[PDB]
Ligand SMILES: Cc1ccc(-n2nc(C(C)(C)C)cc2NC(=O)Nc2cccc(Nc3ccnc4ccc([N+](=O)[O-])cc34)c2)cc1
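Presented as structure tokens, the chain that follows is alone, the form deposited without the ligand.
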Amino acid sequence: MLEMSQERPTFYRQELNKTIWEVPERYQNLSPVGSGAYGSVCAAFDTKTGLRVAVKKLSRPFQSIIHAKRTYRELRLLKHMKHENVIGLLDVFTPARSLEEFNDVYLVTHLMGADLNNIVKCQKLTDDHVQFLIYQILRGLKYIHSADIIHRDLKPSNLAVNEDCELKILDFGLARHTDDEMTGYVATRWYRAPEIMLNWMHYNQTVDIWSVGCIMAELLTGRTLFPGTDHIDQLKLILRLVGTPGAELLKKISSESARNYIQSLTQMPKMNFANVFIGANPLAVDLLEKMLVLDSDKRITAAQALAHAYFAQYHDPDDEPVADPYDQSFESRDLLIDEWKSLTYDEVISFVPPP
């Protein structure tokens, strides 16, 4: 009824594009397909499950306090996700037989066919296609938010889609974007809620819904909603559509510099979305209105959005599950390199495979 030991499988070694790979026999025909900066990934066949998978060998994972904590953070997040519309962890392993020998971490996930950009480039999406894609994003977000997890960087490139229009949210852990990466005419910022683009206040769940808003608008119009050339140009694009802040919002803006700046802008009324998204399903227009609200406190939540008439064909309250609590205390904890490395090691060897 219990089980008290673990069977360490047999590993095999090989050099793939300058680097060594030590993986379980299980995984066959490895072929390099890229990097990312946090390591390189090979595509492989998992003969034990019959799945095409992505194997990621983390790169210098315990290089510093910061990197060792990134590593641990990513492993904790991925280990936690158990939902259809969210990237889950298929396997995680190290060839090391003890903590003394522990150096490398390999992460295994579903091999992803295409992301939302790839989908959008190969064809034009119908309204029903958009209903289904957004529903799924929101179904996954409900789950994510249940556990007080903020994705914080929702993007078409972070959304995998398959031949059946099924979708998963990708890219959680990840090293936060740097200032230079967020600078200029770049997709890395076009989907950001303004609260966090200019650091108006302390942010939360609600920033993800703004991102969904931008994504949905783009899928319907075929155009980036707020393609600013820089932080300020982007702000102007947003206030144009959504209106300059009223009094209640200005208060919630901690920073007084932001406040002073905002006020220096000629005021503007919300535009009529019906005239901005001409020809769109009126239910989509109404939903957008409820998503793209400047004051984050009054944004519709994922749970509520799933009940919106726009998703009538897919909504089913008994098939929209919630997550087990996710303990994030470690984010506030200060430890040494070898201490994050040990926590990480403990998480590797305690992995329980899916059914």
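Note that the rigid core is defined as the largest set of C-alphas that superpose within 1.5 Å between two forms. One-based numbering along the sequence shown.
Keep in mind the form solved in complex with the ligand is missing from the figure; the text below concerns it.
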| property | result |
| --- | --- |
| Ligand-site call, the ligand overlaid in the deposited complex, backbone or C-beta contacts under 2.4 Å, 3+ atoms | blocked |
| Heavy atom contact within 4.5 Å of the ligand in the deposited complex, the stretch among 302 to 310, 48 to 56, 316 to 324, 283 to 291 | 48 to 56 |
| Candidate site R73, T109 and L170: all three near the ligand in the deposited complex by heavy atom within 4.5 Å | yes |
| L174: touches the ligand in the deposited complex, heavy atom cutoff 4.5 angstroms | yes |
| Contact of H151 with the ligand in the deposited complex (heavy atom, 4.5 Å) | yes |
| Contact label in the deposited complex: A68 to the ligand, heavy atom within 4.5 Å | no |
| Touches the ligand in the deposited complex: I87 (any heavy atom, 4.5 Å) | yes |
| Position in contact with the ligand when the complex is considered in the deposited complex, options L220, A96, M81, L241, heavy atoms within 4.5 Å | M81 |
| Cα displacement of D334 between the shown form and the other one reaching 2 Å, rigid core superposed | no |
